[PDB]
């Protein structure tokens, strides 16, 4: 099983290859170039070709909506035309699940002027919320990029957290129990705010 996993949520675009249940390739670039300047030229530069993969994974956010729409459209087009499974994954869920701090876990990411966060307990979780300054109980989890933003009683900041790597490992697990993947026509970025 060889999976191409893509993350276009932030200016640190990144993609991974998952094989034998592990990351065998990861490319991560923080760029001010526009998403369509980078894609698909960056794939050609790294000799990444969609026909070489058994399955695809893609972040649906939270993240910047235009760059999410662009990445999701690349991947859906490849997965649908090649008849290959595709798995979506969620950034804040990965941040909570992969960070071994105690509950409650408050992963958060900033997109434009909004700080989006979500609250994870052991057996339940909230919707994605928009931070307004509220005092929050528990452990904030974010990225070094957002180190200046404090949520919860304590904060942990990942120096780096390439969502495409974690999403690809998750997709690998997902496809063991659901080999058909998720419905390709239904993959959409997560929308928190209305249009």
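Residue numbers count along the first chain shown, from 1.
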Between 99-107 and 84-92 (mean CA B-factor, as deposited), the higher:
99-107
Pick between 44-52 and 63-71: the one whose mean CA B-factor in the entry is higher.
44-52
Test of reading the entry: by CA B factor among the chain's modelled residues, which third contains residue 164?
lowest
Lowest, middle or highest third - CA B-factor, residue 118:
middle
Ranking every modelled residue in this chain by its Cα temperature factor as given in the entry, which third contains residue 27?
lowest
Quick one: classify residue 9 as lowest, middle or highest third of the chain based on its Cα B-factor.
lowest
Third of the chain's Cα B-factor distribution that residue 143 belongs to, per the entry
middle
